[PDB]
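Got a structure here, written out as structure tokens. Questions coming.
Should a chain be cited, it is by its letter among A, B, C, D and E, assigned in written order, with residues numbered from 1 in that chain.
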Amino acid sequence: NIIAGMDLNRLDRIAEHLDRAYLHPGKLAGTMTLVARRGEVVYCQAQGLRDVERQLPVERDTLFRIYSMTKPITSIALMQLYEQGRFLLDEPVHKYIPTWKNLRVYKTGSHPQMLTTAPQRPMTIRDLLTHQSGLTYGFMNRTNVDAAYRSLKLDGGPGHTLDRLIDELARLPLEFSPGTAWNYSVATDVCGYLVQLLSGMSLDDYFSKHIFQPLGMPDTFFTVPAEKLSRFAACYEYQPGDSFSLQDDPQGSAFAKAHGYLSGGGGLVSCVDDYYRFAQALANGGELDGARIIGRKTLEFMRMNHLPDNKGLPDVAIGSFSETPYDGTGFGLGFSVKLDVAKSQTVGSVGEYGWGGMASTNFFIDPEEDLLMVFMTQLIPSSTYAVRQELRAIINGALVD
Amino acid sequence: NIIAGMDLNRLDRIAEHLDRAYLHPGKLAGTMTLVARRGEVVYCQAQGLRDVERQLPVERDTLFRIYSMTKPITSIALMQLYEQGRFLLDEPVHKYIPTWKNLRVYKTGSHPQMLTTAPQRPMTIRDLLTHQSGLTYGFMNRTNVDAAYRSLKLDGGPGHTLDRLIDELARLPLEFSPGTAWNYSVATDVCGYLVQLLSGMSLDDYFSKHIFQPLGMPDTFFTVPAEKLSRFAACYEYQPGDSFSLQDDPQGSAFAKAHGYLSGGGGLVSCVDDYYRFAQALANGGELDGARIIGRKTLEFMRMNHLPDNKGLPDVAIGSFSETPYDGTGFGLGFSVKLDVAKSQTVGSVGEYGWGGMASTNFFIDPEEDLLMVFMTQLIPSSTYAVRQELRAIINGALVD
Amino acid sequence: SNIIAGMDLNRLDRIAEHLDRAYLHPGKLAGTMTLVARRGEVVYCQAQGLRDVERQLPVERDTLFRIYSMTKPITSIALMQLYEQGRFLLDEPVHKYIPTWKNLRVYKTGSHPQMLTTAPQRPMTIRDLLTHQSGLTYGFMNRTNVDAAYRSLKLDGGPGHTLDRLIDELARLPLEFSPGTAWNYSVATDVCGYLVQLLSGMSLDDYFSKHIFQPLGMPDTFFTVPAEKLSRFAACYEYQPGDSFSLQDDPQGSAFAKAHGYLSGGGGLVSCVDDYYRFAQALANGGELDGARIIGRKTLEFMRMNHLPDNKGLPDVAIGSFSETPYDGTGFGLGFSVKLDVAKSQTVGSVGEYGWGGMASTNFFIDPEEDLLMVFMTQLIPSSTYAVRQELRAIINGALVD
Amino acid sequence: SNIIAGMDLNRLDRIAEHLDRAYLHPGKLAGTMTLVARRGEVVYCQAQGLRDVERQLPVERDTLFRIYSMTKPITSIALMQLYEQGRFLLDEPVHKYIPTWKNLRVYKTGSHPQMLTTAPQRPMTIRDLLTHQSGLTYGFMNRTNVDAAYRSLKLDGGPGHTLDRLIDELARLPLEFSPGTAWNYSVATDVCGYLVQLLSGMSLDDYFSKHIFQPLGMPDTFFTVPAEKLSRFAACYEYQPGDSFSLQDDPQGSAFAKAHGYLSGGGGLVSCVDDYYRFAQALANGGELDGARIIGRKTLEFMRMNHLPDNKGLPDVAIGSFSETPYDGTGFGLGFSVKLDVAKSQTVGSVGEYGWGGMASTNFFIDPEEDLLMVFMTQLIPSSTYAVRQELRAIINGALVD
Amino acid sequence: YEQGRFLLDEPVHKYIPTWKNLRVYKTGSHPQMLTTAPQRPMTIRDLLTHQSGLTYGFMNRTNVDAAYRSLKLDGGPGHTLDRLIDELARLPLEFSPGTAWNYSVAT
């Protein structure tokens, strides 16, 4: 039983695996898994519960916090403006954010008496899109700089806005001279701020007009509307013993409020069908059902390794993206990119691109096989289980042409 | 006379060569040689005797000790379970064999007072499939560690079982920190033990159900059944003067008994037609006559060079696989892989994969030319003559398109 | 929507929107002429703003522009036509054809005219001339005592300057470095023009006319603007602080209107978008347009290769301003730049993209992977001022919808 | 417009114009025979000037030429025919077939016959012979005490010389270096010829005739010119100062007209453009011409690969004159040079272009990317004198018009 | 040296002008030896330390010492210092002065 060169009986191992290894033993609440090849959806399965407390099951239309899977959407948004001539990647950020002209590199000291050295060159927009800015994230919990992000709540918090992020970051140091290393950052939240600066629109309006309406994604937003809140999943966090506990109730969630923070880095709620339509648009070279969000050639450029000398993340990453899963994987303008299949120790193709969210949401596009996967669950953090590698083994196992 | 772009008159040089250089001068007892291209068998020749003492000739259906040619079959078996999500290659072995958690690297001393250092990282399943474990073989005869394997008879002997191997190896050191070198090992025997752990079946039953029955291989087994023992060849060993002497009588062979040792590394008896069906299945991307043993993509992954930085065996091998014949040849998940044709000093194609047995059995698959060869003889050891390189010269010489 | 040769014409309209919003309305450029072609079809052609601000005259399709250093690919084609006839080899020493140059030496120290020199490791070759690895320089570089000597002798141009004077003066000057060991943009292409003359027996304007302009149907390309075409000749502007510009060359009163006796293979030509399009399209086709062949397919493929050592980019070998970030991942062949690494260049495009530019902000490229090309004309010195040629690449590559 | 197989025949006429203007009229060469083929079709064939100046005899299509070192590809094919029959392996030691060579040692110091030696890291292999990494040399190298010993023993050729004498004398001489660690052009191909004899049971002239010349229809290729064909045999000339030449070998009373006992796999053959064309075309086709097969398609593909370590060019490994600029970006396989990097070579052509030359300025190449080939015949020693083979490449590649 | 008559870093060709254009051996047999330019001229310090690039006939290693032997520059019938200096002016050096050491007629 074969569609688009995929054995559907082999794809049934996905549901068998998620039941046996995660759902029955109580490691995940529930899952939504979609696989497509050559434009055809060949697998779509909801399993377990979206809300354990209320015994509500996962459905095709269940809404999920996709978190950092927001970043590819923000990256597409900014590259739409690149295609209109609005900026160049090698332009300094301080051309658009002049208060950032004299950013300096951390040397020593605690906030707010941090001493700094001059950088070799100013931060560029390419540095923002590739996380080579020298910016960081509060949750990194490694350096005095991310300690300053936490005391100023730059990851989010009451009264946080993009305007406050840009203003606070102007008076903070960088982990390193821009371009000389890689560190996962609020840089994509800054990219969102640049979409606003250049388009004249707030980020929710830019996304709606130039991405969600054209692709037919009616269930993707920064704020879950009151009338759709019944469909919104609960979020769970890891507990010792391979268990989980309630982390966010859908009723009385900050995702249900219009607080003033539009996070290009982690803000969006979506569903498997909406993210599938985004992913399929990219797999097609930027077009779905006569709507174009990006040029074929612009997207090809975003999918290239933009790290120096075709290095992988572990050759440049100062932190946790140094670890064995990211071996043979580079980074472009908002996507990871597989460079070396054997080195990654995971079956796949050179050029496989995608990203993930910290609640264990994942997607990839294999341009060699014209194959893609969207996986939705709500378990923080994504570092907990290697479910996204097991799914790659089963899905690549189902190719039979 | 040309079939599948091969001149059959040029292929007749095989039989002329094996007669002139080996059979008439009494260097080999007998040979069975098969060549196929694009799904079509273009050469099949039995020559000389399977049993010199009893004057019995080699026939198409003659049974041969294929030894280390068992390893690709064991590798396919374990990768079938990879495709079901049952493990990941970068997982530690001690996750499945917990007694192995505190394995350490040899420093100095004789068994049983060997001193050890901490390894930089624990052994992984990828390390087992690629012989980068730090495990070894008794017959290596190079180090105090392989001396301990010999005094404990871990290569085989009276009362030996997979359960005993895993138990003894838990109290022995490694030649080196896992991943940091290559050394041919009992690792594939351990892979067989993991097929058992994960499937719930003994290895002979897993092979029968998931490989031999589907491919139509009724003459491949760990134990030769009583009613087929008439077809079983004698095994010969090298003697000075380019001669040979009886090493194993087929009547009263340990291969005719069900002793308790199922060797994923060296145990199987087979015939040219059965191994042809396995080889042709691989050449086709894992399918023969509607039966699938492995996914096309999973097999493509096993055929890649899994050595660090695309190095050849001589750049990482601590032992005999360091020598000139293995120049320009890497190693994947149970197969050698040609990297550089000129450097190997042997005609062929980049990507040529296969392996050999210590009784001078050999097979290869050239994925560039869709060409393959199965060669059967019984002369220990395989290091004696370069017959497998002469056959490559003749076979590649017969391509006429 | 409206698609020609796999290009969305609505997406290509962003070119005109961009040049208006970013350059013309704010008064950074006087006027622009932009042409884009793919698979032999012109898919974009737009004049905007003024060719002469003082006289309120608009840019038209037929407006004539100082293309300057975009002369160099034409001179390079001319010399490679003679390579195809067996007249020289690239690894031959220049002094075989210019014997007075046999004892050229490398700058060590001193001011003109008491410059001390060292022996070069090897003599200058013709390949060194075509790739700017000669060790020659330009007066306008303003970096070294050697380019100071070029300026005091007016070797970039000036009253009574001829190719014969350049070759004679260069014989008594030192090189910035031992030939082949570095890259420095130079009068080398002016010397290439002198070699076209030596080998063909013709003056450069006659060689270009007979062997390139007549065959390709380029009637509006010349070293001297004829009296009867001077109405069509654009003014040249130079940058002023505040992202402004001032008159640099009045068309009526221009040295480009006189036959002053310097035929510059490096910077001399005046042309128009249609003439340079026909040259560019000929190259994109492998050296042929409408049955006329200016170069062999294979000879051109050879000119488009990276001729720098060890497949290095300009910043790994360039001693000067071509060291800077825009030329990262870009090499150099026989008269063209060549893109090596798209990500490294930080600009969308294809490996193999070739072309060059003029110091008045004229630019052209040919993408052989996409069979795409662009000719961009404006008159604003210097071209280092604005990154307009990168913005145009972003918009044009953005319009591909295959 | 004459176009055959994507080649402009008007552009190919530049060959004859060039050889007249640059070589024949000025008296640098006596005469030339030039053939060019593409996709199986001969597109150029021109005799020019004289085969014998003293007797005023012109060059004809059927003129016989000393092809010298262009013998080596034929000897290489002969030995690889036996590789295909399983008779040897490339990584086997030579001393397995020539046991007297087991204790060969590397030159340290001293003059013949009191040369001191060191142990080699490994014994010489057959791959070392086919790639000139043996450590053997040639008398005419005139660089080392070892080639001085070759000259005093006349191992390049001389009265009473035979292959049997070469193998016997070489057993008592040292190597320039430990086998595999460098490249030096050598008598190694003469030794390959000796191995064709050892393995086949036939003398080399009989092996060539039966297994190469008869099958391909090459009736005018031999070690000895038969009496009835001596009228067709060209004179050989050597360079004289002033770009002139002098008689080096009279065809009447030539050693090439005698059956002396020396069958040179390295330099012995006389042939003609048509015979060498048939050999070249057989190789361009993958080892087959008009139903006759001399070598397997795959075996030939293996001979055309770079067999130097780490994909190095000749200048990265060559101890001698093949270190110089013309061999930049060129490697070496089993009897052929192989182009690696077109730009680096400074000569138009394709990656994979293979061929070789003779010391009397005979040359051939096969471009497998363009399915193009050339055979060029003249008699002017030495081939290092003029760059005619690079000029011909420029004109021939210039004639591609698809 | 102590009387101020020369300095060690002075070129030899200051005192032996025929030696100004000495060149380094590349290839060939005497008397048709091809040569390359040296990086710097031979100095008196090079003579006193055997870093000249000169050699001795008896070395029996190179084509250059073969030329010394056929010209009997180590000694023999009619040999004088005047003949050594005259013959050495027309011979190549084993290497560019200063870049190696080779025991020689330098003394």
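Everything that follows uses one rule, which is that contacts are C-beta pairs under 8 Å (C-beta built on N, C-alpha and C of every residue); 3 or more make two chains touch, one makes a residue touch a chain.
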Pair joined by the larger number of C-beta contacts - A-C, D-E: A-C
Between subunit D and subunit E, centroid-to-centroid distance (C-alpha), Å: 39
Whole-Å gap separating subunit B and subunit C, where each centre is the average of the chain's CA atoms: 62
Distance between chain centroids, defined by C-alpha means - subunit C, subunit E (Å): 52
Rounded Å distance, subunit B centre to subunit D centre (Cα mean): 44
All pairs of touching chains, each written as two labels joined by a dash: A-B, A-C, B-D, C-D, D-E
Sites on subunit B touched by subunit A in the complex: 82-85, 88-91, 124, 126, 287, 292, 295-298, 301, 304-306, 308, 332
Interface residues, subunit D side, partner subunit C - complex: 8, 11, 14, 17-18, 22, 325-326, 342-344, 346-348, 370, 387, 390-392, 394-395, 397-402
Residue ranges of subunit D touching subunit E (in the complex, touch as defined): 109-111, 114, 141-145, 148, 320-321
